[PDB]
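Two forms of the same protein chain are encoded below as structure tokens; each is given separately, as structure 1 and structure 2.
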Structure 1
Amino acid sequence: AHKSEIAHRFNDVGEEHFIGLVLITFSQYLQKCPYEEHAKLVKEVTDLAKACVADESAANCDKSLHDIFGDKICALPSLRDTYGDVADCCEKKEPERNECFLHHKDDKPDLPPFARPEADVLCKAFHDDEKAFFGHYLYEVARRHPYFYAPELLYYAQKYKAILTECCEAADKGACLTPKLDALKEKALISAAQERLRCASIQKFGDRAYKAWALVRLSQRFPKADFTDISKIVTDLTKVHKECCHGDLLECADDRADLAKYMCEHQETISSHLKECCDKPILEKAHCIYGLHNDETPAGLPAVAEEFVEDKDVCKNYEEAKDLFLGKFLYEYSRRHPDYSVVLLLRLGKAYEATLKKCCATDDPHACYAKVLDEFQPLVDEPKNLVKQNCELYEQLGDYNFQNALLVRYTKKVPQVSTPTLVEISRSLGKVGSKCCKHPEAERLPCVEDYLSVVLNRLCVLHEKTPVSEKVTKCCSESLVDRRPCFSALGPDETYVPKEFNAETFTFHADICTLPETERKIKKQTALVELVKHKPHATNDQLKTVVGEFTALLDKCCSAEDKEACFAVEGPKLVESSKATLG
């Protein structure tokens, strides 16, 4: 506690961010309330802050940020809690009142997807009022991604603003703007996932999990750093994400900026590469540190087996100080290994731990553990080959079929997962190919596995509240590190009773012709999940034949003049066709 937290935070981060952070905080709790309630609490909360800044003894100035946040939300029944799904929470005081709000964060609130207006419509909306425009935007992203790394979101606001400035006075708005914007959106969709996994890891496996994973990553990134300095960054980063993940976004943003200050302050003993982040303005600085390229591995690194197979004191260290020593290991194997994905290193360190567990209980531990590292080869080998195989098949099929290949895979693995979920995940899984195979072989594993780790996690967190498949609970619950293996290991389900031919899941309306080719794809891809759900022993060619025909229903019927009639004309004949081609 400061004497007035809200003031400290307000002076620390500044008005514009502070408004930013508070908008996001609110957007994130009450994701279902319309923009105007939000702006209301935001300004209400900014007013109180400016007030406190002014004189620290004003009323409410001593309350915790939660208390302030809470109170304001309960003159939000003043704007009818018609939903009010969590008016329950307002009933209790803290900390329950707050804990309660976090329970209700929803990872897929029932909202029309964030819609892209026409290049021109964006451009004007942006010309008219920057404030409102990016308010709405912060509002809209934050509420679909209730765990989105807040500070980065502000960053994305600042980038989206640069792109808008760029494109909104080109002779053609759209062509300047839509690629640059898709690009960035795909990137935000990744960051949202990354952060989601950090939170998931924190909340469901505990601080140690984010710690461990963090140490590994930074060890690869900052190979030259002593283990002391990597630990401090890890502990600071833990705090920031614990905070960010828990809605304490202001403290999180302060703590974050504090941490980047520290690294910049200490770049010499951390990394050469830091220079190019540390000159930058506040958010590009933290952004830049955040996805910085790995430094090169220091020269003169002793073999890893001196310290870990050969010290007489191997068991003495694992026994007397297990965290200290195993972090050391994750630090040392990791800094020596930018070519691995974090989760691979995590697994390795995990095998390294069981081996010592098993071997230090012997009369001869060394003789037991001596091969420990060589025995890593298999674990290094399993994903190595997998990637080569999958990128083979990516190269072969191309994005759309690579996604289809996975939809069909996945829907067979875990058919009880709801369709749009399966459609979503398989598209993202698909995305890995396009994302990583392009890199040269050695660069790929990290790219792939850690990307997969984010996507699989999206699957888990989607699957969590509305849990339907033992197979996914198991893989999601059992080990964070071994998730991907586990999902890869899944073959066809042997329990699922196949779905019935629902006339409508292959039915339509003129409206779907309003959907860009992209949305149209998801529609066929939903058709295809449905179809494997109907007949799972259906051949690829069979499946390809119906999806191909479904593709041909659209291609005729969204013709110049009348679209409505055809659907009703071929539609049922297109149903009939499909049942025919399958059996």
Structure 2
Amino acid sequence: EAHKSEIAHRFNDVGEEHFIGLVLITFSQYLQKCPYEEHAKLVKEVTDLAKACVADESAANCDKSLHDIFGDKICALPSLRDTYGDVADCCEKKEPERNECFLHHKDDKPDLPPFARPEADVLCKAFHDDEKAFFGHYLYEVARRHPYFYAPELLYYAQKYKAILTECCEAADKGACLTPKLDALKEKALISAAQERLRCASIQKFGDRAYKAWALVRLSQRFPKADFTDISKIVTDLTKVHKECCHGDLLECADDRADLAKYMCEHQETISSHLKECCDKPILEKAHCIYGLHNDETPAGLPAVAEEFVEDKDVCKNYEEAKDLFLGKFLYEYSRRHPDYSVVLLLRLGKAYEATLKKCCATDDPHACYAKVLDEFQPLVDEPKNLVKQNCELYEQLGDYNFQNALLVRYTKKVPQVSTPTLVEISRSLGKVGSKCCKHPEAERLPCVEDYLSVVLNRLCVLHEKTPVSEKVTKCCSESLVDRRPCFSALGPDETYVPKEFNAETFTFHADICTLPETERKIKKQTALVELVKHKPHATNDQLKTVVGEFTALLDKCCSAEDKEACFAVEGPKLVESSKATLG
């Protein structure tokens, strides 16, 4: 059917610069293993096409879908050697199968080196040398390692990075200005990637409704003075935005997100007085500001929630005749009254309210049956608090490195079939929850911890879905979204797993470790700890500290200030004996 060219429409809407960045992230996320040169080629072809179509919408290919265009550019690049498999695989398909094929190949942990950070002088020099190649490489490296990174926010990070560089690269000492600041930016962007990967998994694995309910809760806490209608409209629009982003339709995602920020800012009077801060800012800063805005204050003088949800004669009628409208109003009313609760807790409270209606509205006297419903939330609210206190005390007491080691041991004993790199990455990230949340006062501490654990446990679920080995992980991952944390927390040691019979011997890498920073060295020690627990799951915590001690020792030894060939292979069978000494 006759239409306005989609590529020209999106090119026109977002401008060349964001179009180029969004297209580079598109390619880098679909073909994570192809070199930068290849992607650069592709992005230039797409950008020449878009400019051709903007000039004359009738030009060849201008009427095609964005999927057709990305697909044909990909398939027609002979360069794509197929030394990288599956390029032909998906190119065999017609649309829409082709695009689905490219999409099903996104790898949540592609086989790549940690993103090595050059020294500050080099970094500053490359930036000065050529900004476009510098930021091209940056978007490519971050997108291909995080193939569901929320695309407009990745653009925003690139701008933030550029500001840090501009400020630090003139300084007397570049490194010391730069390093804390790149570090803080990296942590915020990792949290962003983890938050977005949970939105995408909620949509993909549990359906649009799972994310709509999550967004309803969060937005009702952020904008509690807004009416239900406006909140619902925002949720609707944000749902479309994240579905498009999570499915690789990034130009549409970015366009639609900008339109949503424009909308919210034009209606800021009836949403939040806090929006004024954001609404004066330029495009990416404006949306980023809105994305994480602090909660507005609760409106004074709202009725008791039991009026509408317990005492109304029509509770059953509304639940039966308009369930999503009634339960969504419940989530809105209850959430706007409780900014201090975690989203996941509010969703679990919504689920328990629903289950009580399902049961009670089927009886002879439903009010009698659900009268105590809102009271019956207290035990769900209170449930975490003792184990949270004890885990924050553990953290307070142990410090980061030992808290991570405690959790590594705990989670390896729970789900010991999980791959060692996954258990290490997961436990380290659980340890960051300690660090980020325990230092808040308790009223802030319980909501911080609950929602961060949901983002880390989702990382576990998605990594396990790639290499699936543990029935228990499958079960907790697939049974729910909102009970994942109680589900994992409830697991004791798996007394059923068969210990690994290990001569862990020659699991030493020719002293490779020494170009590695203290950080990676810690990861290595933590990897050995996981391996110790899988070999001896009934070992004492003290035995583990010790057999790890003998690891640290043998590390420094062959890795000293002198050069010798193969010190490790005489010492592998003999650490094997020293670990047979402490562990049996």
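The first residue in the sequence of structure 1 is number 1, and each one after it adds one. We call the rigid core the largest set of C-alpha positions that still match within 1.5 Å between the two forms.
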Would the C-alpha of residue 427 be classed as shifted by 2 Å or more between the two structures after rigid-core alignment?
no
Does superposing the core leave residue 56 with a CA shift of 2 Å or more between the two structures?
no
Relative to the superposed rigid core, does the CA atom of residue 510 travel 2 Å or more between the two structures?
yes
Give the rigid core superposed Cα shift of residue 114 between the two structures, in Å, rounded to one decimal.
1.1
Where the core is superposed, what shift in Å does the CA of residue 578 undergo between the two structures?
2.2
